[PDB]
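**Q** My file is data30.cif. It has mmCIF, C-alpha atoms:
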data_target
#
loop_
_atom_site.group_PDB
_atom_site.id
_atom_site.type_symbol
_atom_site.label_atom_id
_atom_site.label_comp_id
_atom_site.auth_asym_id
_atom_site.auth_seq_id
_atom_site.Cartn_x
_atom_site.Cartn_y
_atom_site.Cartn_z
ATOM 1 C CA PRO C 44 9.982 18.794 1.914
ATOM 2 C CA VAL C 45 10.465 17.119 -1.593
ATOM 3 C CA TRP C 46 8.842 14.112 -3.264
ATOM 4 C CA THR C 47 10.895 11.385 -4.943
ATOM 5 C CA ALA C 48 9.721 8.796 -7.473
ATOM 6 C CA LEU C 49 10.290 5.335 -6.029
ATOM 7 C CA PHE C 50 9.254 3.524 -9.244
ATOM 8 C CA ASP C 51 9.364 4.067 -12.949
ATOM 9 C CA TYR C 52 6.037 5.067 -14.529
ATOM 10 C CA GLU C 53 5.410 5.121 -18.254
ATOM 11 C CA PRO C 54 2.466 7.351 -19.448
ATOM 12 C CA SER C 55 -0.443 5.488 -21.044
ATOM 13 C CA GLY C 56 -1.946 8.857 -21.846
ATOM 14 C CA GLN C 57 -0.571 12.120 -23.225
ATOM 15 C CA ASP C 58 -1.410 14.142 -20.113
ATOM 16 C CA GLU C 59 0.546 11.774 -17.889
ATOM 17 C CA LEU C 60 4.077 12.474 -16.632
ATOM 18 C CA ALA C 61 6.823 9.886 -16.993
ATOM 19 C CA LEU C 62 8.537 9.057 -13.734
ATOM 20 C CA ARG C 63 11.885 7.279 -13.273
ATOM 21 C CA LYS C 64 13.221 6.010 -10.003
ATOM 22 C CA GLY C 65 14.928 8.731 -8.035
ATOM 23 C CA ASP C 66 13.309 11.635 -9.921
ATOM 24 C CA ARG C 67 12.519 14.668 -7.773
ATOM 25 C CA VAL C 68 8.895 15.422 -8.434
ATOM 26 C CA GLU C 69 7.600 18.886 -7.774
ATOM 27 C CA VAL C 70 4.034 18.372 -6.605
ATOM 28 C CA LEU C 71 1.859 21.084 -8.180
ATOM 29 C CA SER C 72 -1.525 19.852 -7.059
ATOM 30 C CA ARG C 73 -3.023 16.983 -5.106
ATOM 31 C CA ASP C 74 -6.561 18.038 -5.991
ATOM 32 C CA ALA C 75 -8.623 15.671 -8.134
ATOM 33 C CA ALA C 76 -10.339 18.705 -9.610
ATOM 34 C CA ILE C 77 -7.019 19.536 -11.333
ATOM 35 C CA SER C 78 -5.638 16.043 -12.095
ATOM 36 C CA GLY C 79 -9.007 14.870 -13.077
ATOM 37 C CA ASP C 80 -8.851 11.644 -11.020
ATOM 38 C CA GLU C 81 -8.627 10.638 -7.387
ATOM 39 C CA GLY C 82 -5.150 9.242 -6.547
ATOM 40 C CA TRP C 83 -3.536 11.209 -9.458
ATOM 41 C CA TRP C 84 -1.504 14.290 -8.676
ATOM 42 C CA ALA C 85 -0.043 16.993 -10.924
ATOM 43 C CA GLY C 86 3.624 17.512 -10.934
ATOM 44 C CA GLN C 87 6.763 18.465 -12.738
ATOM 45 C CA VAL C 88 9.944 16.529 -13.404
ATOM 46 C CA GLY C 89 12.664 18.649 -15.067
ATOM 47 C CA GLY C 90 10.753 20.624 -17.658
ATOM 48 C CA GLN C 91 7.832 18.160 -18.104
ATOM 49 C CA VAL C 92 4.449 18.742 -16.413
ATOM 50 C CA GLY C 93 1.607 16.235 -16.207
ATOM 51 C CA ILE C 94 -0.286 13.978 -13.886
ATOM 52 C CA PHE C 95 1.111 10.906 -12.149
ATOM 53 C CA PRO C 96 -0.051 8.238 -9.702
ATOM 54 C CA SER C 97 0.416 9.399 -6.201
ATOM 55 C CA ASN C 98 1.396 6.017 -4.967
ATOM 56 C CA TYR C 99 4.607 6.128 -7.071
ATOM 57 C CA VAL C 100 6.236 8.866 -4.938
ATOM 58 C CA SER C 101 7.491 9.125 -1.360
ATOM 59 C CA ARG C 102 7.843 12.326 0.775
ATOM 60 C CA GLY C 103 11.542 12.177 1.189
ATOM 61 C CA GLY C 104 14.641 13.573 -0.418
ATOM 62 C CA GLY C 105 15.932 17.149 -0.544
ATOM 63 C CA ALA C 106 19.091 17.862 1.447
ATOM 64 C CA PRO C 107 21.158 14.762 1.961
ATOM 65 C CA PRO C 108 21.503 13.936 5.633
ATOM 66 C CA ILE C 109 24.728 14.210 7.616
ATOM 67 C CA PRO C 110 26.199 10.762 7.616
ATOM 68 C CA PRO C 111 26.965 9.006 10.903
ATOM 69 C CA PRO C 112 30.454 9.116 12.207
ATOM 70 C CA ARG C 113 33.093 6.500 11.337
ATOM 71 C CA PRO H 44 11.030 -5.709 0.821
ATOM 72 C CA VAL H 45 13.475 -3.459 -1.100
ATOM 73 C CA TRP H 46 15.674 -0.519 -0.042
ATOM 74 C CA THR H 47 16.160 2.470 -2.299
ATOM 75 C CA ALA H 48 18.662 5.238 -2.045
ATOM 76 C CA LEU H 49 16.895 8.555 -1.537
ATOM 77 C CA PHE H 50 20.023 10.634 -1.875
ATOM 78 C CA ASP H 51 23.284 10.489 -3.713
ATOM 79 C CA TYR H 52 26.237 9.450 -1.522
ATOM 80 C CA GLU H 53 29.825 10.024 -2.661
ATOM 81 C CA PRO H 54 32.243 7.613 -0.967
ATOM 82 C CA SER H 55 34.951 9.079 1.252
ATOM 83 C CA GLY H 56 36.658 5.793 2.280
ATOM 84 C CA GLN H 57 37.801 2.709 0.351
ATOM 85 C CA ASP H 58 35.212 0.365 1.843
ATOM 86 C CA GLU H 59 32.258 2.740 1.163
ATOM 87 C CA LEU H 60 29.661 2.089 -1.521
ATOM 88 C CA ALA H 61 28.552 4.978 -3.838
ATOM 89 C CA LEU H 62 24.829 5.601 -3.945
ATOM 90 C CA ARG H 63 22.773 7.414 -6.528
ATOM 91 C CA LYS H 64 19.193 8.466 -5.814
ATOM 92 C CA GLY H 65 16.794 5.810 -7.033
ATOM 93 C CA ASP H 66 19.299 2.975 -6.761
ATOM 94 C CA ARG H 67 18.048 -0.260 -5.291
ATOM 95 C CA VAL H 68 20.442 -1.232 -2.558
ATOM 96 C CA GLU H 69 20.706 -4.882 -1.545
ATOM 97 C CA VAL H 70 21.243 -4.781 2.193
ATOM 98 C CA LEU H 71 23.689 -7.559 3.222
ATOM 99 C CA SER H 72 23.808 -6.521 6.906
ATOM 100 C CA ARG H 73 22.466 -3.904 9.295
ATOM 101 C CA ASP H 74 24.883 -5.107 12.061
ATOM 102 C CA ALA H 75 27.551 -2.527 13.193
ATOM 103 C CA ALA H 76 29.788 -5.449 14.099
ATOM 104 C CA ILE H 77 29.899 -6.152 10.309
ATOM 105 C CA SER H 78 29.914 -2.599 8.981
ATOM 106 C CA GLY H 79 32.233 -1.470 11.656
ATOM 107 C CA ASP H 80 30.218 1.649 12.648
ATOM 108 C CA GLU H 81 26.798 2.330 14.039
ATOM 109 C CA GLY H 82 24.438 3.795 11.443
ATOM 110 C CA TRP H 83 26.525 2.246 8.569
ATOM 111 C CA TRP H 84 25.093 -0.813 6.767
ATOM 112 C CA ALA H 85 26.718 -3.234 4.377
ATOM 113 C CA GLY H 86 25.296 -3.654 0.988
ATOM 114 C CA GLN H 87 25.589 -4.276 -2.677
ATOM 115 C CA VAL H 88 25.091 -1.952 -5.594
ATOM 116 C CA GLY H 89 26.229 -2.517 -9.193
ATOM 117 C CA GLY H 90 28.171 -5.606 -8.320
ATOM 118 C CA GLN H 91 30.198 -3.860 -5.609
ATOM 119 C CA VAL H 92 29.947 -4.553 -1.833
ATOM 120 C CA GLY H 93 30.704 -1.983 0.799
ATOM 121 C CA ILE H 94 29.236 0.120 3.438
ATOM 122 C CA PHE H 95 26.903 3.075 3.302
ATOM 123 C CA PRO H 96 25.073 5.413 5.664
ATOM 124 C CA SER H 97 21.756 3.871 6.654
ATOM 125 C CA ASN H 98 20.062 7.224 6.705
ATOM 126 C CA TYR H 99 20.445 7.449 2.875
ATOM 127 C CA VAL H 100 18.057 4.583 2.137
ATOM 128 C CA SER H 101 14.332 3.905 2.634
ATOM 129 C CA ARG H 102 12.440 0.594 2.769
ATOM 130 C CA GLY H 103 10.299 0.627 -0.373
ATOM 131 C CA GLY H 104 10.621 -0.360 -3.902
ATOM 132 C CA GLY H 105 9.770 -3.921 -5.035
ATOM 133 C CA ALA H 106 7.014 -4.006 -7.535
ATOM 134 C CA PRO H 107 5.551 -0.864 -8.998
ATOM 135 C CA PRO H 108 2.134 -0.149 -7.431
ATOM 136 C CA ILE H 109 -1.132 -0.555 -9.225
ATOM 137 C CA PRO H 110 -2.039 2.918 -10.570
ATOM 138 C CA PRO H 111 -5.447 4.372 -9.684
ATOM 139 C CA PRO H 112 -8.139 4.355 -12.328
ATOM 140 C CA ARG H 113 -8.646 7.233 -14.675
#
Show me, as structure tokens, the structure contained in the file I just sent.

**A**
Amino acid sequence: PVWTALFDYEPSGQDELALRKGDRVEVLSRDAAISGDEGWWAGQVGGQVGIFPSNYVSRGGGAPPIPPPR
Amino acid sequence: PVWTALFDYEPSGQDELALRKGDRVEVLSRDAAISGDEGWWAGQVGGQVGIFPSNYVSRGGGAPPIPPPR
């Protein structure tokens, strides 16, 4: 299972992670005790680690599906 | 109501539309009569119109969500 950013997000604080549409986001914690806020998760995109709004990602992506026949 | 590509799709036919993950895809028809094959939809990306595998897109996109409070 992977998560994919479905929207761009621009940090309004230094501990926040920028998201761009289509980014694969590695979800490192869903626990508010770590993100510091309900509805914020901790993740990584490329080399960057920070918190991001959980409603900006969708569980989806990974291996591309086999396309239907033509 | 927006559709987003969740995976990259490399065309393998002259009427096929390339997708890149995170692209918004304007869906012009879901009808196989139009696409010419079940599970292939017709759409527009980047000014080009062609067909793509319907299993590469997800309904979602539109406006970025309201982020939760910190």

**Q** Take chain C, lay it over chain H with a least-squares fit on all the Cα atoms in order, then hand it over as a PDB file with C-alpha atoms, in the coordinates of the input.

**A**
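Result file follows (part.pdb):
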ATOM      1  CA  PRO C  44      10.820  -5.645   0.695  1.00  0.00           C
ATOM      2  CA  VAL C  45      13.646  -3.598  -1.082  1.00  0.00           C
ATOM      3  CA  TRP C  46      15.666  -0.547  -0.045  1.00  0.00           C
ATOM      4  CA  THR C  47      16.099   2.459  -2.336  1.00  0.00           C
ATOM      5  CA  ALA C  48      18.719   5.211  -2.114  1.00  0.00           C
ATOM      6  CA  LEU C  49      16.956   8.538  -1.653  1.00  0.00           C
ATOM      7  CA  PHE C  50      20.179  10.595  -1.929  1.00  0.00           C
ATOM      8  CA  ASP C  51      23.486  10.435  -3.681  1.00  0.00           C
ATOM      9  CA  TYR C  52      26.425   9.392  -1.480  1.00  0.00           C
ATOM     10  CA  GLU C  53      30.043   9.674  -2.530  1.00  0.00           C
ATOM     11  CA  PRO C  54      32.545   7.395  -0.630  1.00  0.00           C
ATOM     12  CA  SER C  55      35.134   9.222   1.477  1.00  0.00           C
ATOM     13  CA  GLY C  56      36.724   5.863   2.139  1.00  0.00           C
ATOM     14  CA  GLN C  57      37.563   2.848  -0.017  1.00  0.00           C
ATOM     15  CA  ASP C  58      35.269   0.475   1.875  1.00  0.00           C
ATOM     16  CA  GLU C  59      32.268   2.725   1.319  1.00  0.00           C
ATOM     17  CA  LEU C  60      29.637   2.126  -1.375  1.00  0.00           C
ATOM     18  CA  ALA C  61      28.593   4.905  -3.733  1.00  0.00           C
ATOM     19  CA  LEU C  62      24.868   5.508  -3.780  1.00  0.00           C
ATOM     20  CA  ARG C  63      22.874   7.437  -6.404  1.00  0.00           C
ATOM     21  CA  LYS C  64      19.277   8.452  -6.063  1.00  0.00           C
ATOM     22  CA  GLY C  65      16.936   5.660  -7.018  1.00  0.00           C
ATOM     23  CA  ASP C  66      19.520   2.864  -6.673  1.00  0.00           C
ATOM     24  CA  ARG C  67      18.132  -0.413  -5.343  1.00  0.00           C
ATOM     25  CA  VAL C  68      20.361  -1.323  -2.455  1.00  0.00           C
ATOM     26  CA  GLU C  69      20.555  -4.911  -1.358  1.00  0.00           C
ATOM     27  CA  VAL C  70      21.039  -4.743   2.395  1.00  0.00           C
ATOM     28  CA  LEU C  71      23.575  -7.414   3.393  1.00  0.00           C
ATOM     29  CA  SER C  72      23.976  -6.517   7.035  1.00  0.00           C
ATOM     30  CA  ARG C  73      22.701  -3.959   9.509  1.00  0.00           C
ATOM     31  CA  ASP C  74      25.112  -5.140  12.193  1.00  0.00           C
ATOM     32  CA  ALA C  75      27.788  -2.704  13.355  1.00  0.00           C
ATOM     33  CA  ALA C  76      30.056  -5.676  13.952  1.00  0.00           C
ATOM     34  CA  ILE C  77      30.197  -6.118  10.148  1.00  0.00           C
ATOM     35  CA  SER C  78      30.054  -2.486   8.933  1.00  0.00           C
ATOM     36  CA  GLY C  79      32.338  -1.435  11.648  1.00  0.00           C
ATOM     37  CA  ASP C  80      30.222   1.571  12.720  1.00  0.00           C
ATOM     38  CA  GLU C  81      26.803   2.218  14.187  1.00  0.00           C
ATOM     39  CA  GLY C  82      24.437   3.739  11.573  1.00  0.00           C
ATOM     40  CA  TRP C  83      26.463   2.180   8.672  1.00  0.00           C
ATOM     41  CA  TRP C  84      25.066  -0.830   6.878  1.00  0.00           C
ATOM     42  CA  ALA C  85      26.611  -3.195   4.326  1.00  0.00           C
ATOM     43  CA  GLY C  86      25.045  -3.479   0.982  1.00  0.00           C
ATOM     44  CA  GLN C  87      25.346  -4.046  -2.706  1.00  0.00           C
ATOM     45  CA  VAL C  88      24.426  -1.856  -5.651  1.00  0.00           C
ATOM     46  CA  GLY C  89      24.859  -3.622  -9.020  1.00  0.00           C
ATOM     47  CA  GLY C  90      28.144  -5.443  -8.623  1.00  0.00           C
ATOM     48  CA  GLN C  91      29.669  -3.135  -5.949  1.00  0.00           C
ATOM     49  CA  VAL C  92      29.673  -4.097  -2.245  1.00  0.00           C
ATOM     50  CA  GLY C  93      30.576  -1.807   0.644  1.00  0.00           C
ATOM     51  CA  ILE C  94      29.183   0.081   3.570  1.00  0.00           C
ATOM     52  CA  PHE C  95      26.819   3.045   3.376  1.00  0.00           C
ATOM     53  CA  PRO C  96      24.967   5.374   5.741  1.00  0.00           C
ATOM     54  CA  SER C  97      21.696   3.898   6.716  1.00  0.00           C
ATOM     55  CA  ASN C  98      19.947   7.194   6.710  1.00  0.00           C
ATOM     56  CA  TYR C  99      20.432   7.498   2.912  1.00  0.00           C
ATOM     57  CA  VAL C 100      17.979   4.667   2.097  1.00  0.00           C
ATOM     58  CA  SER C 101      14.237   4.128   2.489  1.00  0.00           C
ATOM     59  CA  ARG C 102      12.371   0.757   2.772  1.00  0.00           C
ATOM     60  CA  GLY C 103      10.368   1.096  -0.350  1.00  0.00           C
ATOM     61  CA  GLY C 104      10.538   0.067  -3.962  1.00  0.00           C
ATOM     62  CA  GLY C 105      10.311  -3.389  -5.534  1.00  0.00           C
ATOM     63  CA  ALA C 106       7.186  -4.099  -7.579  1.00  0.00           C
ATOM     64  CA  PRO C 107       5.623  -0.943  -8.899  1.00  0.00           C
ATOM     65  CA  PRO C 108       2.127  -0.470  -7.541  1.00  0.00           C
ATOM     66  CA  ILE C 109      -1.047  -0.739  -9.604  1.00  0.00           C
ATOM     67  CA  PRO C 110      -1.910   2.777 -10.576  1.00  0.00           C
ATOM     68  CA  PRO C 111      -5.303   4.238  -9.668  1.00  0.00           C
ATOM     69  CA  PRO C 112      -7.995   4.217 -12.245  1.00  0.00           C
ATOM     70  CA  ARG C 113      -8.537   7.069 -14.723  1.00  0.00           C
TER      71      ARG C 113
END

**Q** Could you check which of H:63, H:58, H:77, H:46 is closest to residue H:89, using all atoms listed in the file?

**A**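 Among H:63, H:58, H:77, H:46, it is H:63 that comes nearest to residue H:89.
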
**Q** Rounded to one decimal place, report the atom CA of residue H:59-atom CA of residue C:104 distance in Å.

**A**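 Pair atom CA of residue H:59 / atom CA of residue C:104 returns 20.7 Å.
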
**Q** Select residues of chain H: the criterion is any atom within 8 Å of an atom of chain C, counting all atoms listed in the file; output as number ranges by chain.

**A** H: 47-51, 64-66, 80-83, 96, 98-99, 103-104, 107-108, 110-113

**Q** Okay, now the selection with C-alpha atoms, as a PDB file, in the coordinates of the input?

**A**
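For reference, selection.pdb as written:
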ATOM      1  CA  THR H  47      16.160   2.470  -2.299  1.00  0.00           C
ATOM      2  CA  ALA H  48      18.662   5.238  -2.045  1.00  0.00           C
ATOM      3  CA  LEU H  49      16.895   8.555  -1.537  1.00  0.00           C
ATOM      4  CA  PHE H  50      20.023  10.634  -1.875  1.00  0.00           C
ATOM      5  CA  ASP H  51      23.284  10.489  -3.713  1.00  0.00           C
ATOM      6  CA  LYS H  64      19.193   8.466  -5.814  1.00  0.00           C
ATOM      7  CA  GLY H  65      16.794   5.810  -7.033  1.00  0.00           C
ATOM      8  CA  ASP H  66      19.299   2.975  -6.761  1.00  0.00           C
ATOM      9  CA  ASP H  80      30.218   1.649  12.648  1.00  0.00           C
ATOM     10  CA  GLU H  81      26.798   2.330  14.039  1.00  0.00           C
ATOM     11  CA  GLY H  82      24.438   3.795  11.443  1.00  0.00           C
ATOM     12  CA  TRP H  83      26.525   2.246   8.569  1.00  0.00           C
ATOM     13  CA  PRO H  96      25.073   5.413   5.664  1.00  0.00           C
ATOM     14  CA  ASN H  98      20.062   7.224   6.705  1.00  0.00           C
ATOM     15  CA  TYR H  99      20.445   7.449   2.875  1.00  0.00           C
ATOM     16  CA  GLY H 103      10.299   0.627  -0.373  1.00  0.00           C
ATOM     17  CA  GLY H 104      10.621  -0.360  -3.902  1.00  0.00           C
ATOM     18  CA  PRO H 107       5.551  -0.864  -8.998  1.00  0.00           C
ATOM     19  CA  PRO H 108       2.134  -0.149  -7.431  1.00  0.00           C
ATOM     20  CA  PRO H 110      -2.039   2.918 -10.570  1.00  0.00           C
ATOM     21  CA  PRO H 111      -5.447   4.372  -9.684  1.00  0.00           C
ATOM     22  CA  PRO H 112      -8.139   4.355 -12.328  1.00  0.00           C
ATOM     23  CA  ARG H 113      -8.646   7.233 -14.675  1.00  0.00           C
TER      24      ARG H 113
END

**Q** In Å, rounded to a single decimal, give me how far atom CA of residue C:44 is from atom CA of residue C:93.

**A** 20.1 Å

**Q** Grab the atom CA of residue H:86 to atom CA of residue C:68 distance for me, in Å with one decimal place.

**A**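 Calculated distance between atom CA of residue H:86 and atom CA of residue C:68 is 26.9 Å.
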
**Q** Between C:100, C:69, C:57, C:62, which is the closest to residue C:87 once you count all atoms listed in the file?

**A**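 Nearest to residue C:87: C:69.
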
**Q** I need chain C from the structure I supplied, saved as a JSON list (two decimals), in the first residue's frame with C-alpha atoms retained.

**A**
[["chain", "number", "residue", "atom", "x", "y", "z"],
["C", 44, "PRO", "CA", 0.00, 0.00, 0.00],
["C", 45, "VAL", "CA", 1.33, 3.59, -0.80],
["C", 46, "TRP", "CA", -0.12, 7.07, -0.24],
["C", 47, "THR", "CA", -0.23, 9.68, -3.01],
["C", 48, "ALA", "CA", -0.68, 13.44, -2.66],
["C", 49, "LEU", "CA", -3.82, 14.47, -4.53],
["C", 50, "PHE", "CA", -3.25, 18.22, -3.98],
["C", 51, "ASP", "CA", -0.39, 20.61, -3.63],
["C", 52, "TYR", "CA", 0.31, 21.78, -0.07],
["C", 53, "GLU", "CA", 2.62, 24.64, 0.80],
["C", 54, "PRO", "CA", 4.02, 24.66, 4.42],
["C", 55, "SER", "CA", 2.90, 27.59, 6.58],
["C", 56, "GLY", "CA", 5.27, 26.32, 9.23],
["C", 57, "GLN", "CA", 8.83, 25.00, 9.21],
["C", 58, "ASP", "CA", 7.89, 21.55, 10.49],
["C", 59, "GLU", "CA", 5.41, 21.03, 7.67],
["C", 60, "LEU", "CA", 6.15, 18.98, 4.55],
["C", 61, "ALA", "CA", 5.47, 20.39, 1.09],
["C", 62, "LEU", "CA", 3.28, 18.16, -1.03],
["C", 63, "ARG", "CA", 2.80, 18.33, -4.81],
["C", 64, "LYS", "CA", 0.18, 16.45, -6.74],
["C", 65, "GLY", "CA", 1.26, 12.92, -7.50],
["C", 66, "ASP", "CA", 3.99, 12.77, -4.82],
["C", 67, "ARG", "CA", 4.39, 9.38, -3.16],
["C", 68, "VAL", "CA", 4.22, 10.08, 0.53],
["C", 69, "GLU", "CA", 5.74, 7.62, 2.93],
["C", 70, "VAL", "CA", 3.51, 7.74, 5.99],
["C", 71, "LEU", "CA", 5.73, 7.59, 9.09],
["C", 72, "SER", "CA", 3.10, 8.18, 11.73],
["C", 73, "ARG", "CA", -0.62, 8.84, 11.96],
["C", 74, "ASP", "CA", -0.41, 9.49, 15.70],
["C", 75, "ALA", "CA", -1.24, 12.99, 16.93],
["C", 76, "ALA", "CA", 1.27, 12.48, 19.71],
["C", 77, "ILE", "CA", 4.01, 12.61, 17.03],
["C", 78, "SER", "CA", 2.56, 15.15, 14.55],
["C", 79, "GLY", "CA", 1.37, 17.26, 17.34],
["C", 80, "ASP", "CA", -2.15, 17.76, 15.91],
["C", 81, "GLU", "CA", -5.17, 15.65, 15.09],
["C", 82, "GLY", "CA", -5.60, 15.26, 11.29],
["C", 83, "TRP", "CA", -1.83, 15.87, 10.69],
["C", 84, "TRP", "CA", 0.38, 12.94, 9.84],
["C", 85, "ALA", "CA", 4.17, 12.61, 9.60],
["C", 86, "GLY", "CA", 5.67, 11.60, 6.36],
["C", 87, "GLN", "CA", 8.48, 11.74, 3.90],
["C", 88, "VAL", "CA", 8.59, 12.88, 0.30],
["C", 89, "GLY", "CA", 11.98, 12.25, -1.37],
["C", 90, "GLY", "CA", 14.45, 13.28, 1.30],
["C", 91, "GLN", "CA", 12.16, 15.74, 3.17],
["C", 92, "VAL", "CA", 10.39, 14.74, 6.41],
["C", 93, "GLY", "CA", 7.66, 16.73, 8.16],
["C", 94, "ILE", "CA", 4.00, 16.79, 8.95],
["C", 95, "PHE", "CA", 1.19, 17.20, 6.44],
["C", 96, "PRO", "CA", -2.61, 17.30, 6.40],
["C", 97, "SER", "CA", -4.00, 13.86, 6.13],
["C", 98, "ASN", "CA", -6.82, 14.91, 3.93],
["C", 99, "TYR", "CA", -4.35, 15.81, 1.13],
["C", 100, "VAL", "CA", -3.39, 12.16, 0.43],
["C", 101, "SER", "CA", -5.20, 9.09, -0.89],
["C", 102, "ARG", "CA", -4.32, 5.38, -0.23],
["C", 103, "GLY", "CA", -3.55, 4.48, -3.76],
["C", 104, "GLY", "CA", -0.57, 4.20, -6.04],
["C", 105, "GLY", "CA", 2.35, 1.76, -5.96],
["C", 106, "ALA", "CA", 2.50, -0.77, -8.79],
["C", 107, "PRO", "CA", 0.68, 0.44, -11.85],
["C", 108, "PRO", "CA", -2.20, -1.84, -12.72],
["C", 109, "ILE", "CA", -2.33, -4.10, -15.77],
["C", 110, "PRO", "CA", -4.23, -2.17, -18.37],
["C", 111, "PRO", "CA", -7.36, -3.65, -19.94],
["C", 112, "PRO", "CA", -7.07, -5.35, -23.24],
["C", 113, "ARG", "CA", -7.46, -3.52, -26.57]]
